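Letters are used for the chains, namely A, B, C, D, E, F, G, H, I and J, taken in the order the chains are written, and counting of residues starts over at 1 for each.
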Amino acid sequence: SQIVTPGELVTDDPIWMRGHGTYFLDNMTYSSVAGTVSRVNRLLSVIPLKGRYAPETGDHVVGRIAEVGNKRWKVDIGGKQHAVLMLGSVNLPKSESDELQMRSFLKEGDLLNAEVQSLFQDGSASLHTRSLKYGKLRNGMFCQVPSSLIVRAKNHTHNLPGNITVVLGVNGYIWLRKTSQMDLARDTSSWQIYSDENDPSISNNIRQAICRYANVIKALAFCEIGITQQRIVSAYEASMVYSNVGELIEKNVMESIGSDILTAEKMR
Amino acid sequence: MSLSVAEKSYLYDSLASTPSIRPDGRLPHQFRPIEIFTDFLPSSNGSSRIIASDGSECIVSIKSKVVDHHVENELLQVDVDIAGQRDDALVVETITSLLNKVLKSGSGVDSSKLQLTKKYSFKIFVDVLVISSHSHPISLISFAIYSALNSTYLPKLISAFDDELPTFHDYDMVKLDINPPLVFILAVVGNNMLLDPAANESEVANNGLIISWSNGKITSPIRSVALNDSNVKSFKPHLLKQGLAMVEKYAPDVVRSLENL
Amino acid sequence: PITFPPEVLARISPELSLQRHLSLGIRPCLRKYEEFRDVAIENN
Amino acid sequence: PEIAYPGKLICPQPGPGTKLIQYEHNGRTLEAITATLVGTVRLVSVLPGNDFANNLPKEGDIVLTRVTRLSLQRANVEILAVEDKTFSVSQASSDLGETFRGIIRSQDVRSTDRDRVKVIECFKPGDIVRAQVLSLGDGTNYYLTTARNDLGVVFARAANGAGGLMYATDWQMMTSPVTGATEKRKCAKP
Amino acid sequence: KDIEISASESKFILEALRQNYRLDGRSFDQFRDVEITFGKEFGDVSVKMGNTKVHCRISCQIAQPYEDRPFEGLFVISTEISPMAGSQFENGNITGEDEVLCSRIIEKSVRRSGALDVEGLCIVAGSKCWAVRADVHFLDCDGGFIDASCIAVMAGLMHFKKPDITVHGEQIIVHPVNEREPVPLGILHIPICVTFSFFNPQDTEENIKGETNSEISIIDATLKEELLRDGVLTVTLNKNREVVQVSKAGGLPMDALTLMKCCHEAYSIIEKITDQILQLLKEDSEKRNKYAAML
Amino acid sequence: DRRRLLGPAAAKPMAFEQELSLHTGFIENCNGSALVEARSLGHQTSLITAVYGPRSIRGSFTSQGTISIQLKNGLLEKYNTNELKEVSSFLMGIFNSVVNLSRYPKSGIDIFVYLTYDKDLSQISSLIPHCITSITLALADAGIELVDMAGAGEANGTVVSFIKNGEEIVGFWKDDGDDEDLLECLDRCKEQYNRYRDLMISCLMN
Amino acid sequence: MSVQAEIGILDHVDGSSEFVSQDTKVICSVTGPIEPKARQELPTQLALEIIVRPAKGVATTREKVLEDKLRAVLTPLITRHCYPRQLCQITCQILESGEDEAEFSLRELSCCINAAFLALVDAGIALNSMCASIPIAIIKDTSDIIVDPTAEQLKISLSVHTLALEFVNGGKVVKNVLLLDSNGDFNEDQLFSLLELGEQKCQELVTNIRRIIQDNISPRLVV
Amino acid sequence: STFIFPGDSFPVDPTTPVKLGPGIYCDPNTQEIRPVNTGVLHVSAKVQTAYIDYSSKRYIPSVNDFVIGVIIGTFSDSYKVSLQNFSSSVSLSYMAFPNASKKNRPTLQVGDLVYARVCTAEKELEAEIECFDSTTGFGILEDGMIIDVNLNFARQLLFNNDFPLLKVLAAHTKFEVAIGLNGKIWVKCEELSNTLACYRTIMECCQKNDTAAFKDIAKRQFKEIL
Amino acid sequence: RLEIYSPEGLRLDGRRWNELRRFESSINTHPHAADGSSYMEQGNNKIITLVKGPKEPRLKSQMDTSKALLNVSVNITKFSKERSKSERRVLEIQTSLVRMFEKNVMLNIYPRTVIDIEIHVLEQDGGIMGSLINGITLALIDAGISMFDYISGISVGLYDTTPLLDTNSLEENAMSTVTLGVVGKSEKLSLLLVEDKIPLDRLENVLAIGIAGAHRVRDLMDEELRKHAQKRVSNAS
Amino acid sequence: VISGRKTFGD
């Protein structure tokens, strides 16, 4: 792996497939970003060290509704462009009357859970919620880390101890909620799926655990540690040393939580 | 700052709950950590830089100028420049008017400490720059101004006190030991008071309080600010007395935290 | 024909609202053709 | 409570001019109807005692509009008044874009032969069209219709206001009594 | 409002440049013929370059000098654009990209350079001085607004004559033209602007990392040529072999020596223009003395 | 300024309890107006309010109304621009908790307070309660839903605005003044609140 | 009086004219009908963007009033309903004022009216009728009514007047008085002596304007 | 053919049936036929057609006019075309092509030069052009150069066969010309030196308005190209 | 006492004619305020540069379907100089910086987006235009935005015949100056700015010294950038 | 039947 900066020559060999972060004049292929050189088959490319989340087909994302248009929604995913959520790509609770009252399902500012179905030519993503696991989010609170800390994995909705469930969006948009009955079904009726009301039985114990999970996710991000299901529960169990959840905001405490996770995985 | 109504309703119920459950596990009187840097602008008599936990950053520059205090009524002047906001925008004009009242040569600050001769004194130019902000920055600005005025050093006088213009030592310099005030902002969520309200906390608060503090006592200005516009509602008088007692109790901890130079 | 109340005709077409008033011999401001508004002054 | 002012209690536990407000007294809380307007009480509501506010156009209401721009497929209008079950005049200004705007699609012009409809022969810029609201649509444009006998161009001038008054002689033709020249419009039966 | 250029037109003009052809029949190094017309009043000057037409009006009023520069008169230039030069211009937007840049060039070429002797404008040292003003009216736009303005302002300042004044201590008596004849202004040097327009016949990759530079340079572009150019360079010189100012703000990156050869290219032209301006002034003065003999 | 006649630039400027009277509905271009003229033994003040709205905002998804309050120095330019916008900010905080904004979505309400007379036989503290009196009157005349009659009083730099017969506070303002005055200030301010509120209700009825 | 004028002098506008009355000189550009801005759009008829630039300095409210008066003359002259939802850019650049700009503006107004009319003629925009404008002044002690007064005469004028009349049928019928802008001290008997002689010299100007228009447009066309 | 000014008395009598052309306006209020344009009024003989030939440079879309446009935008069912700068846009439907079908859309891209005919030119609507013959040379104009010309010169070049411009140009080079009645004339030759020589000759001939000077101008321009 | 250029060849600060000022750059200085950030410390100068984007534009009207929109906002704080209470000149700086990075940033590959650049000048002392260029180049690279090459800024004054590389405030007020924006390591000039009179014959020597000094600035920037990247991948390892 | 687009000089 080689570190290159803008303007640097990556290879004089023209028998290469030009990838991202590159440009060329005749045989000379230069780098457009400051990143690392990637050689895959015949595709020479430069992986930038920084940049917004780039969506790929299959990504499990959490997004905020930005605007309501013609027959589609534009969702804030955290990338360069807004992602589109076509009216045909959502499970309505088709009739032409619903195409007008689109704000009865998702209004501006609503939080939802979706999957990247495809990508346009420009690179923006098309979303879909044609499943039970995708829909409007409630019964909790939002918080976000940089997308580089969310590792793409087989699953992205994990149930945590304390009756709390996390949704680790590939774009870095995390949603913590009370573990619903549907979330318990994930091991091996709901007419109002766009209801803006929260389950009115969220106890203070559940509310306090959401905070603790929120702080440890923030702490893992503060140490630039990759967020995983195994690390979130490890930090949550380790943080019990501190009686009050408030103590977890200080710098020394956050750096301790992250260091105790890295040094523990060194032993393991 | 945009939030879903499912987010807002969950947050408000947690904050107004007995006891208050804040989204970071904070206590109703607990402050978020901040980073402070001082003495980094050599062109100024004093400088400070504060970075809030949410990413809000503020830089303050203290500069002086000898003036005739018989014609210069105000010997302390604050200029607020908030990034991405017009200089005539309401929030800028409000904060500028508010801060000038917080300092104002004869109220919060000690005017006699700026005197040089029987005819001339120092005029202090407090310049505020908010690089990034996510909530009402009057409290963040106040803390940065406080740290800058403490790290401020002024030239040493040579000429006599009784009166030509004053003459200053070429090398030695004296520290400015004025007592700078502190401005605290509070959130009124239901029947609870919250010190140092966060962005999301202020988005659901029913009302807000701006409370000034100097020399160990509650001082003016004191305002009831609206931290939003959607969920603004009236508050009972006891909540106003509760917020003032909250400042009088926990501000000394804030002072000795800031005064650690 | 079709007639509209006075409140709408003023908005529908101000040109007709004047012509309808003048056809009746009055003005929209309810004053006579050569009548001025009454003035009242406070000085200094 | 014959009369009412904002803040005056009406009755224990909705409509326009009132709001449920929770008060405290003797230690126990209480939700009572409170008037928010100054007027008389008449389901609890308060009526003051012209106003386009309370009679805002809704699906099914008939409105008086003015054509502002014709297109090959639709006709853009602005709502000037709404018919009451009498009229309610909008106080907004047509010079600053303050009035609620609407759209009359080509297939909603008339009832018969909605596929082949020429917009240039049904409406003209400046005409006063009586239409009925189909839906609220988006925040930009209402969606109106004129597919009835009593709907269509009501008031119009020849040559887009450059000529004399034209009256609806035929349901599809407007003539001028002075000049005699006629124009083709989708008129409403007077 | 935008000027739409067809793809067939963009290709033809650029391909004609690659064949060393300019639509108006000029060569790549040919500055347009400068026509200067003088009005009845001193300071009324009208410049024409093919189809480009500008007009300048020099005026002066008595004002007070700044306390910081008490021995100095005042001088300001106004170049507000109007839709008369073409519907592409919005009415008096003094904040647009091209409007700001072009204005700063004329200010740096005439005001900042000290072409006008602001010391001679001073009447008495403490108060009272001359406040000269140069107003430019862009009448017809066929490109080259910067170069035309620079010639119009300088020709105006030289042709202009301020009224003679007699001071009686604090009394400043401004004599009218009928009483005593006016005195001309003091010009220290005559700056001339020459604007080079660059065209890239290839790609951006061959411009950043290309060995052989193939960028085409033409002098004083027309409107059609100006709209298709990929870079612009405005250089200002005087007969004293001084580079008054150079402005190449962004655009197509240009080889440094190529820009240097542009500066030396322009000096041949600013000599032709300076001598041309001075000649038309001498001819204009001789016309007024011939009518002074007939009067 | 090119859009004005400012004369010569070389010219320099020249350097040298409370009886109430309320009227409403006297301005024709707005939705609701009000006139408050207050004469006290030490100061006389007159100001006019104008409420324009609700006016629909082009493409607004806002679930409720957006209040705007501009305090102008209509002729008498006595107060600094900094403090006028601070009072305007304070006024907007009060009425954003009094106007039933949920009833006017996607629209906006703009309030103007023109000062027309102010002579004292800073001072901005005692001016705030009469703006609140006028804005509440003008909003009622404009047919805007108000949760209560918003009024206020002033005492030694402290300005308190009340609703619900003084049971709750909708605005608090304190400049200079003495220490520990709060208890006595809320008492004196509530007295002016009741006095102004009674006159305000009596104005809208008669 | 004696006026000189040109037609079609600018290349990047639909119509152009230059008008010189004594020492006053105005150049005028006209561009229309063109796509209007959203703010300017008028559904029924044509919208006018009228701009007047001073001979010296930047534009002040003085020119804003000249723009308003110029609109009052031009608006009834243009057959606006022929161009619905369109824009017309009438831009006047005053080159030499021909009068002490501090006190007077009537010579510039009268010249802008004629220049704008000529430029609208050159642009081929539909006009209901013709138009000519003359400045008039009544001199102090002589009390004479001087048509087309000089800059020196205006200094000792007790009243200044701008008269612009609408002409039809070969410039012999006066369809209307488009604008009469009288300023100064005058009486009813003076006013009608002014309007009488003013209409006579106005009728002389359209006859001269018809001649200049024909000398410029006839060589452009085929017979 | 007499010269007429706006507001002048119209010579033709109402007893004769007349078809009104450009320059003549019929008052909607007074029903009087009066001129609104200044120029030469031409009147036919026997059904009498009367119009005024007046000078103009800004084109106004009228039906049965040949015009050259430039594609500036692609919409759902039509093209947004510009026939002149700053003027209002014109609509070109996808179905307005020869052998048009709902399966094959035209291949034009933004910036292409199109030669078409005006079909619907409603004064209160967006004008429309078509690339198919109304009674059954239109289509894309590849490469070449477009020339700006006043409307009277363009009408004289298309309808008057005695206009010497096309003859003196053919006598110098072989050239392809497309004449638009909106002031745009498209020229293309085999070599760029010939196309530029045709551009310069048409530009100079448009400025003189004198027909008797076309031959001498063409001779000197092609001589300068050599 | 001090002199502008002493007979021994020493300037006011003690530099020789071909000596730069103390050059110190930093990357990722405001991660919680912008995608890319840079803190510039060239001599006494102190400049904060914030790059926000590429992101969705706020108004769908102001949006280009073919390329990204580039906006530069330069804020010169009130405390940058010896305070003045008093525009058209800052506008020239902004549109010039935009026109520069228009042709360097690959805006074509980020369509329908907007790249907002937010600059704050904390301390000013000569050659601020060159330092602004360096702050933008680093801040854009920190944002991961594709660009063809570096752009380095430098200022050179002419004292009689001797060019003085990297001028401070007093040197700018004493002699004429040239400001260069050099593309990478080439001789192509993105920005050439001769702000006052220079003799036509002595100008080529000034340009030669400026291009050479700019190349040194490029290496200094590249060096600091590779250090940051190597420290980032070493900490994560 | 007037021709518009035609090649001359055959």
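Methods note: a residue touches a chain if its C-beta (ideal position, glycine included) is under 8 Å from a C-beta of that chain, and two chains touch if they have at least 3 such contacts.
Q: Work out which chains are contact partners of both chain B and chain J.
A: none
Q: More C-beta pairs touching across which pair, B-I or A-E?
A: B-I
Q: Need the CA-centroid distance for the pair chain D / chain G, whole Å please.
A: Distance between chain centres, rounded to whole Å: 45 Å.
Q: Quick check: how many Å separate the C-alpha centres of chain A and chain C?
A: Their C-alpha centroids are separated by 66 Å.
Q: Could you give the separation in Å between the centres of chain B and chain C, each centre being the mean of its C-alpha atoms?
A: Whole-Å distance between the two chain centres: 59.
Q: I'd like to verify one number: the distance from the centre of chain F to the centre of chain G, where each centre is the average of its C-alpha atoms, in whole angstrom.
A: It comes to 50 Å between the two C-alpha centres.
Q: Specify, in ascending order, the residues of chain C that touch 2 or more different other chains.
A: As it turns out, chain C has no residue touching two or more other chains.
Q: Hunt down the residues of chain J that sit against at least two other chains at once, touch-wise.
A: none
Q: Return the residues of chain D touching two or more other chains; collapse runs of consecutive numbers into ranges.
A: 125, 159-160, 162
Q: Report the complete set of touching chain pairs.
A: Touch list across chains, by label: A-B, A-D, A-E, A-F, A-I, B-F, B-I, C-D, D-F, D-G, D-H, E-G, E-H, E-I, F-G, G-H, H-J.
Q: Residue numbers of chain G touching chain D in their complex, please.
A: 43-45, 81, 84-85
Q: Tell me, which parts of chain D touch chain F in their complex?
A: 3, 5-7, 16-17, 19, 21, 23, 34, 36-38, 48, 51, 53, 91-92, 97-98, 100, 138-140
Q: Contact residues on chain F for chain G in the complex?
A: Answer in residue numbers: 2-5.
Q: Quick check on the complex: what are the chain B residues that touch chain A?
A: These residues of chain B touch chain A: 2-7, 9-11, 13-14, 17, 21-27, 30, 32-33, 53, 200.
Q: So in the complex, the part of chain F that touches chain A is made up of which residues?
A: That would be residues 61 of chain F.
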